[PDB]
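Novice:
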Amino acid sequence: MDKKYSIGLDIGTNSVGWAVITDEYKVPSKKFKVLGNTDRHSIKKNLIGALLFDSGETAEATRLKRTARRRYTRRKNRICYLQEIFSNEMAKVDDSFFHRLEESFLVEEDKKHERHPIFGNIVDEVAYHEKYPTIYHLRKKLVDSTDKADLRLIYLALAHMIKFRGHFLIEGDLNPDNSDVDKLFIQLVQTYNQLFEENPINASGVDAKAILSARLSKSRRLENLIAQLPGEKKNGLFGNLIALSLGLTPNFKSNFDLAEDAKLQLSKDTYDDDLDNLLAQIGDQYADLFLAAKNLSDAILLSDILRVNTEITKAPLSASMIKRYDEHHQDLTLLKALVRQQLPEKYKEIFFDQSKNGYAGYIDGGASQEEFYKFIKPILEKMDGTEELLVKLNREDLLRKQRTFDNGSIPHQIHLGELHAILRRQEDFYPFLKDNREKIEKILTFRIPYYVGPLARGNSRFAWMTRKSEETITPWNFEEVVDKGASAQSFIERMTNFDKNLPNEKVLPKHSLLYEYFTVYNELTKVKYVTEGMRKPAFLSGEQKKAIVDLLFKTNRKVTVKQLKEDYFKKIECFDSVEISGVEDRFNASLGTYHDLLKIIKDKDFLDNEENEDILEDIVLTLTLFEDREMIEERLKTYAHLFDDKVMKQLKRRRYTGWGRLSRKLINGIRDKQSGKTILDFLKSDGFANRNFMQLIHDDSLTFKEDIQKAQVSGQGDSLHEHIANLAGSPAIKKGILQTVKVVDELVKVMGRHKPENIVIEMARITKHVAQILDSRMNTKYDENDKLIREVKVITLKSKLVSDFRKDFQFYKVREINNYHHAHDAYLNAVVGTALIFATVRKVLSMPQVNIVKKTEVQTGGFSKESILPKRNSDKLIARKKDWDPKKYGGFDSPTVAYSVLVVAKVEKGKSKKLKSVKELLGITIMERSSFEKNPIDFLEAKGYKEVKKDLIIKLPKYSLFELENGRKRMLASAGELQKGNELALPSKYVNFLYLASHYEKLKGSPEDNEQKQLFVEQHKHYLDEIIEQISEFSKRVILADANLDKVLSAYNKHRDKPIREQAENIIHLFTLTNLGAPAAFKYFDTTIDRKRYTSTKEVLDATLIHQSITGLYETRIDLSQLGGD
DNA sequence: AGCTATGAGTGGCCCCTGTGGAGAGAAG
DNA sequence: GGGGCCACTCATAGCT
RNA sequence: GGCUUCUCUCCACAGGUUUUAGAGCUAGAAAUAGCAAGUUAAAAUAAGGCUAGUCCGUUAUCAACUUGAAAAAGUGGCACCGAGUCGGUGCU
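Residues 1 to 765, 927 to 998, 1080 to 1368 (the authors' numbering) make up the first sequence, in order.
(1) Taking Cβ positions, are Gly8 and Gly736 nearer each other than 8 Å?
(2) Beta carbon of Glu1275, beta carbon of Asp54: below 8 Å?
(3) Report the three-state DSSP secondary structure of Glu1162 (helix, strand or coil).
(4) Using a Cβ-Cβ cutoff of less than 7 Å, which residues in the same chain neighbour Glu125 once the five nearest sequence positions on both sides are dropped?
(5) Extract the residue ranges of the alpha helix (DSSP H) inside the region 435-523, only unbroken runs of 4 or more that lie entirely within it.
(6) Considering only the beta carbon of each residue, do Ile1110 and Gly1132 sit closer than 8 Å?
(7) So, are the CB atoms of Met631 and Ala488 less than 8 Å apart?
(8) How is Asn357 classed by DSSP in three states: helix, strand or coil?
(9) For a quick check, are the C-beta atoms of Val16 and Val953 less than 8 Å apart?
(10) How about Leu266 and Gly247: are their beta carbons less than 8 Å apart?
(11) Contact defined as beta carbons within less than 8 Å: I believe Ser179 pairs with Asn309. What is the distance between those atoms, to the nearest angstrom?
(12) Ignoring anything shorter than 3 residues or poking outside the region 1082-1125, list the beta strand (DSSP E) runs there in chain order.
(13) Taking only runs that begin and end inside the region 1198-1223, name each unbroken beta strand (DSSP E) of 3 or more residues, in chain order.
(14) Mind the definition here: the region 390-409 touches the region 141-154 only if three or more C-beta pairs lie below 8 Å; say whether that holds.
(15) According to DSSP, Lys33 sits in a beta bridge with which residue or residues?
(16) Just the Cα atoms here: how many angstroms apart are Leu564 and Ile548?
(17) With C-beta atoms as the reference, is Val181 less than 8 Å away from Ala68?
(18) Given this structure, state the Cα-to-Cα distance separating residue 1377 from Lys183, to the nearest angstrom.
(19) Between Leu625 and the ligand GTP, is the CB less than 7 Å from at least one heavy atom?
(20) Does DSSP put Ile48 in a helix, a strand or coil?
(21) I need the DSSP call for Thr404, collapsed to helix, strand or coil.
(22) Does the beta-carbon of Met763 have 16 or more other beta-carbons within 10 angstroms, so that it is buried, or is it exposed?
(23) Compare the Cα-Cα distances from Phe164 to each of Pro176, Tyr72, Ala214 and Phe86 and report the closest residue.
(24) Taking the alpha carbon of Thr1353 as the point to measure from, which residue in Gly49, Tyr25 and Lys30 has its own alpha carbon closest?
(25) Can you list, in chain order, the residues of its chain with a C-beta nearer than 8 Å to that of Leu552? Leave out the 5 residues immediately preceding and following it.
(26) List the endpoints of the continuous beta strand (DSSP E) containing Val1145.
(27) For residue 892 and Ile1348, which I take to be in contact (beta-carbon distance under 8 Å), what is that distance rounded to the nearest angstrom?
(28) Decide if the region 1240-1252 is in contact with the region 1115-1134; the criterion is three or more beta carbon pairs, one per stretch, under 8 Å apart.
(29) Going by other Cβ atoms of all chains shown within 10 Å of its Cβ, with 16 needed for buried, is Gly231 buried or exposed?
(30) Skipping 5 residues on each side, what residues in its chain have a beta carbon closer than 7 Å to that of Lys1325?
(31) Count the other C-beta atoms from every protein chain shown that fall within 10 angstroms of the C-beta of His415, then say buried if there are 16 or more, exposed otherwise.
(32) Mind checking whether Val1160 and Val1143 have CB atoms under 8 Å apart?
(33) Within a Cβ cutoff of 8 Å, which residues of the same chain sit near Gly592, ignoring the five residues on either side of it in sequence?
(34) Return yes when the Cβ of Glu1162 is within less than 8 Å of the Cβ of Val1139, no when it is not.
(35) What residues match up with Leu949 in a beta bridge as DSSP calls it?
(36) Run the CB neighbour count on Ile1179, radius 10 Å, all protein chains shown included, and call it buried at 16 or more, exposed below.
Okay, structure coming up:
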């Protein structure tokens, strides 16, 4: 008798519930066979559980790390390129300089040259640090010096710039000279009054420098500056000029009465040619106005960055840092003098004690600038003559470091100007600098375009670059070796979605002329007209459709019903009155691309030729693909014989956006076998049928449906793994779905492989995507008519229904007590699913037998924590390299153990070197997983183990479960620590009262229900003691933490006077002590309770090891006590 | 008987961070 | 959030 | 309509840490006290891998046993009864 059942699921991001229910809704339990060498042969477990696992990580952290690694590699490579450039001349002056630079990190013992990395003699180091206190002094010296400079210093400056070349958010040359806001603003006002003497404006008394450089948003600054300008509006010509000076994107259409939009932005890569467009429309007289606007914008943005405008130099960043250092020196001297004279007691704390947030901690220690200002402010308040120091502290300019987080805003054009100045002033005395100047400027400025990507020879799963030749790519031949046009096309296309109806085909651009014709004809297909003398509405003929398109759609950008009635039905067909159905007011489709090309090419015969359709489609694709206009220009040059120079320049500056939904093959690529017409052909003319796109693809009399079905991949089960990961959503939900499918498969196996009658599923707040993956596998049988025989029904539900069903019949839930809530949610989901198609539910809730399974995952990821700890005399520090002994060089710490292996061998113990039989868990860190799996015996012997019994080696990943006396379980967190493995269970009687009491004021309900809650909570003061009694008993039984439990009991007795609700929130805080997983610190009322930690793994070395399947229904108990016996 | 080495428990502290530009998608 | 590490004390095995 | 959620991929940037370099002085045998100084740089930023790429290394996948290089396939009885992390009656 094959028993009927169904499968319910509770899918989350951290957990995947599961359940099996029958006709009477009871969850059965089956006697599962227990494999292994223990005395236990079978365990009867309930068909319910809750898989738990670490939350799936989005690749965001991994992607950031990968992009960082590529930046590091390419920056090291820039260093290598500069060292190759310097290499030949370096050997003539100092051959080992580059070697010393690499050996700087090592101690004096490991260095192969003299310990001074720059000069190798201490006299020259003294001279260097006396002459150049920092690097910015050296940069200024090199930028200003005319004398022959030392090559090592030049390399240091150039490498400092190349390694820290600043941001690329501004393209086009930027003048560092213009940095004064107010003077240039008045200059712009004077220029505007010169070009417009008839209507000049006055800006006297307006503090433009303060307002425009204020720390406010661009719109606020624009409003504030205009508010000081009489007669001016923020939307006016001058207001738009100011907005342009602020880096916004003003629209000049209304300012010059232009027909088309005129939007300009200096920060865009295309300001110059768009400005030329505007000048060609309004005249060349306005060129100086926009030039002054650009200069003022440069001045404003620079003043937002640097502060030294008084000093005259062409290195506007070295001077700023030197000035900061001088201010720091002078202010420190003054502060030390004042503290010496007035408050001698705290001199030591401020200037010596590296453990405080004083100047010692700020400079010689680890304290940041904010904390240093916090600590130094009250001391300044308590002393006289500190007005200047208080002012500088208000400006965040007191005692400020050169290398702070404010250097980010520096444009890379400043660094490029400094680089050019250096390479110009040093080229005379060093020929190779002059010869390779362009190469170095390239290396600083060369940036692998965001559309090219990783430069891989196919060996990468992230690479899409297409190559012309096989030369090694260097910045100087990046253009020559790689076709940037093809690279950009691949970059765009690989991301663009493939057609749904045609999976192998590509989607068309939105502004495709063929797509526009398709849409126009498809919309015109269902248009019906009613004229006098006609009994029924009739579809428009193909001739009528073509005439309408030619008369209106090619002549008007937007066509309305009234315009159609007036222009075609009355003028052409001589129908005075016509009724149109299917279109309400106007036609949605528009030949905007066709009208634009009519404006540009101005040859309507060329556009109307179907022979030119391929050329026009290629033009649309070229305009849609490429943002950099050079790519479009080079591609469209294949058509330079078809258009004049002006038309070609017009095509260059036009751009299109968006990608459509359908492919060219689907519309005008495939043809009917019987007729030879495409879908576009049928839409243009279909006779009486007048079938639209949907009708054409769903007509069985046409071969189009057959072509689509054949094109549809009728593939076998192709990579069930990586199939689910193809969905749209976070990787967390993807992992949830995959684990859900695996759990469903294992449940199918457990239930005798008889497929379920129904499947009830919910999803964490996408459900359809989950349902398809399951109903594809569940239903695979076809009847005599090729129809699917649905032996499995897939129903998906909503959390509101389940929550209401729970609260109506009091199947309440608490999310803080224990982890049985996932399984309970799964069971209630199954019950509600059958409801769409009472004691049992309470029994299922009250079962402690639940199979909570922590997914034993071999941890991957960071080998150890990223914070490098100081050098110490300890053995637990991890080397960061092969030659970096952790004692001598510090290094990483806190390894993440991949898994641990039970090693039974003999180890020499004591100074006597006597071999002693041992049995202990050795944790294999992730850094050594490959070495261990390569040859376990050599790895184990390397750690001091001898006569290793390879037969007894067991692989124990993180969260491997052990069973001890009284059923005490400890999950293997790592080699030297455990976790609580037992799931504390409270009966429902405590479960209801806890959430009723803690969420007391927060709940809102009817007055009688609130009174019932009052009575229910007030009576259970006796439960408030039973809860801590159960906690204490479970603690003694498994937690075994008497000190923390005693502190809890004392605190609970101490705070018993406070009201029941206030007690309740703290009582639920207790369960952080008992809940499965790692212990976490919790506080009871005012009292803070330390966390109990299990740093002892000895007790499990004699325990019954348990392996559990993904559901845990199949297990293999191993008794380790029988292993290792002598 | 006394000195040193060494394993278990407990209390405390630590852990990389911030930003910009471009493209393409699901769903609201 | 949680595993790792250290400073500290105490019981116990070992040793003579 | 836009700009939102959320994901991927790419391009860059400013820091942070470690270790070393930036000669600490005086009195005192030393412990130690007084004084002076604190702003920068190099290297590394997951060990490393072979396909030697200006590529790849934290995403995702992974109970145990048998076969298989691997993908992959197979491996374990059910019912009644009562059912705290489980046991009995028939029966396989």
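Each residue gets a CB set at the ideal place from its N, CA and C atoms; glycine is no exception.
Specialist: Working from what's here:
(1) no
(2) no
(3) strand
(4) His116, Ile118 and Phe119
(5) 437-445, 478-481 and 484-495
(6) yes
(7) yes
(8) coil
(9) no
(10) yes
(11) 5 Å
(12) 1093-1096
(13) 1202-1205 and 1211-1214
(14) no
(15) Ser42
(16) 8 Å
(17) no
(18) The requested residue 1377 does not occur in the structure, where the chain is confined to residues 1 to 1368.
(19) As for the ligand GTP, it is missing from this structure, which has no ligand bound.
(20) strand
(21) coil
(22) buried
(23) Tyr72
(24) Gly49
(25) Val559, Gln563, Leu564, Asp567 and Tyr568
(26) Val1139 to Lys1151
(27) Position 765 is followed directly by 927 in the chain, which means residue 892 is not present among the coordinates.
(28) no
(29) exposed
(30) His1311 and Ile1331
(31) buried
(32) no
(33) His511, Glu516 and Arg557
(34) no
(35) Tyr943
(36) exposed
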